[PDB]
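So this first bit is one chain, no partners, the form deposited in one PDB entry, shown in structure tokens.
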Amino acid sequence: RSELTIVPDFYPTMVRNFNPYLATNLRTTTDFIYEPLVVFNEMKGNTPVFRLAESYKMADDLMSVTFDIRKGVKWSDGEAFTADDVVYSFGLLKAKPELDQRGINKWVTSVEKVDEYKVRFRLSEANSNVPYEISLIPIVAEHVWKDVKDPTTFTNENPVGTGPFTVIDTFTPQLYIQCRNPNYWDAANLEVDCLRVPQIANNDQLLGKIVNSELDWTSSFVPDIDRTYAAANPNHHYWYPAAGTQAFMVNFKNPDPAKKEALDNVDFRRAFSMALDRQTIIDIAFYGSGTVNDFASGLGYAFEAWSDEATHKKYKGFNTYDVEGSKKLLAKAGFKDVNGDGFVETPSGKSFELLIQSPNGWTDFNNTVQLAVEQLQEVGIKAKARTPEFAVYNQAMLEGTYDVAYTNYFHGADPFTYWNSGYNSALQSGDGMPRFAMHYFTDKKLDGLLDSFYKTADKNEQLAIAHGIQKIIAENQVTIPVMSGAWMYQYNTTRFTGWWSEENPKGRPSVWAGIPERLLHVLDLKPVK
């Protein structure tokens, strides 16, 4: 039989827990045991890939959504998968909200069995993103769990599942083996017979195994990866596609008129952006785990499927390392070294220095700021690194006293989480607001576009909305995007082929729990033997 050796997580020892609703479970439970209704391929525009459902449709008013269940799907014990399972599972999370790890109860007010193979979700808000959120919620077997005395402690050690790997073939403290569902609805597509899951205590133990070609699918940091791993074996590969954006935010409402003269000037923001060497920041501060973000809108290569490439290309030159271009733009904009001290003054002739902050102890951010300070000095922009404690860094943004700040941003499946949290002016005021929108650039058309993004279920309309957002942010160079993080991923072609890669970039490739596309990925693999 073909065994695929995977490492979704580290453990000090294997504890047999396949309850998909508990934080303490094994990280091969979701997707591989409990298959979703739909897997959203987030890298491909968040396009739905229909699995246990064959379709869904939102109501015209976006207040409900129906899913058509695929007929002929079996649980691993042979019983039919039906709407009863979906209704049961959402009812369990409503009754036991400690099992609702994602807070789906906020969005779904009720779930209706329309017929044996159709379920209707009634929603608390007109919101076309709720199908995506629904897709993340594990669906368990009503005919089993109805008999479970306490689902919040149930370890589910003999799981009955819909997904590809439900058979607990081997379970020991050091290793478990999870073998193919003998009733799998998509069995013809599944060529891997079992997941082999070794107990690995830490990243150093993983390193020794991966360089010896003992693993197939991993998602860990590998030091010196090209020399020690990738170049060492023609079967050793990796692919680190772009994840979440990180950027310098500038304070458009800086109280200091000299600093405001610089920061509230689009040519200055573009020159600041051209001074940065993003790839060197990624290589030094982030150990190589990232991708340059050269989108003026911050969209990033994670969401290239959403990009208007005309807009990206028009402003990409302002977000590329270009020392001579940076100096030329500063001069054209009137930022000239008038006193000869090596640094540019504002067009009105005022000296200024930008205080660039990141949180104390966040070493990767701290090193990014220091690198940026040196890069900015090369074009004549006077900057100093500051490392206040997080509460002070955050307060300076909430109160609008900071100059420039380096920050990351929330992760989302589409560009809305980044663009809304990072730019909606409604998030610049109020009790409890986080830092992410506190550049104090305001555009009410931008706000309206964001507020409309999930008020349509038409993807062509959403793409048009995204393109309008992208244009507004890019043409104003609102922030200075630096980099995108990495979906960490290494793969071995010794025993299997079909892997996703830069040459075959079919989706997010990581093996982590929480990556629904790992189900699609394992269905593309083929044993060499």
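Start at 1 with the first residue shown and count on from there.
*Asks:* Regarding 374 to 382 and 334 to 342, which shows the higher C-alpha temperature factor on average in the entry?
*Replies:* The deposited B-factors put 334 to 342 ahead on the C-alpha mean.
*Asks:* May I ask you to compare 427 to 435 and 223 to 231 by their mean CA B factor in the entry and name the higher one?
*Replies:* The stretch with the larger mean CA B-factor is 427 to 435.
*Asks:* Among the candidates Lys74, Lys328, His237, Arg278, give the one with the maximum CA B-factor reported in the record.
*Replies:* So the option with the highest C-alpha B-factor is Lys328.
*Asks:* Among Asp403, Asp414, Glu309, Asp216, which carries the highest Cα B-factor?
*Replies:* Answer for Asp403, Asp414, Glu309, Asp216: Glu309, with the highest C-alpha B-factor.
*Asks:* Quick check for you: using the entry's CA B-factors within this chain, is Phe441 in the lowest, middle or highest third?
*Replies:* According to the entry, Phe441 has a C-alpha B-factor in the chain's middle third.
*Asks:* Lowest, middle or highest third of the chain for the C-alpha temperature factor of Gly422?
*Replies:* As the PDB entry reports it, the C-alpha B-factor of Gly422 lands in the lowest third of its chain.
*Asks:* Once the chain's modelled residues are ordered by C-alpha B factor and cut into thirds, is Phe268 in the lowest, middle or highest one?
*Replies:* Ranked within chain, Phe268 CA B lands in the middle tercile.
*Asks:* Within this chain, which third does the Cα B-factor at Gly448 fall in: lowest, middle or highest?
*Replies:* Within its chain, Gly448 is a highest-third residue by C-alpha B-factor, going by the deposited values.
*Asks:* Using only modelled residues of the chain, where does the Cα B factor of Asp60 rank: lowest third, middle third or highest third?
*Replies:* Highest third - that is where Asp60 ends up once the chain's C-alpha B-factors are sorted.
Below, we refer to the form deposited in another entry, which is not included among the displayed structures.
*Asks:* Seen as two rigid parts moving between this form and the one not shown, does the chain keep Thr28 and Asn203 on one side?
*Replies:* Both residues go with the same rigid part.
*Asks:* Having a change of 3 Å or more in the C-alpha distance between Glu461 and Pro36, I'd like to know whether it is closer or farther in the other form than in the form here.
*Replies:* It is farther: the C-alpha separation of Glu461 and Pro36 rises by at least 3 Å in the other form.
*Asks:* Just say closer or farther for the C-alpha distance from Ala413 to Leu93 in the other form, relative to the shown form; it changes by 3 Å or more.
*Replies:* They are farther apart; the C-alpha distance rises by 3 Å or more in the other form.
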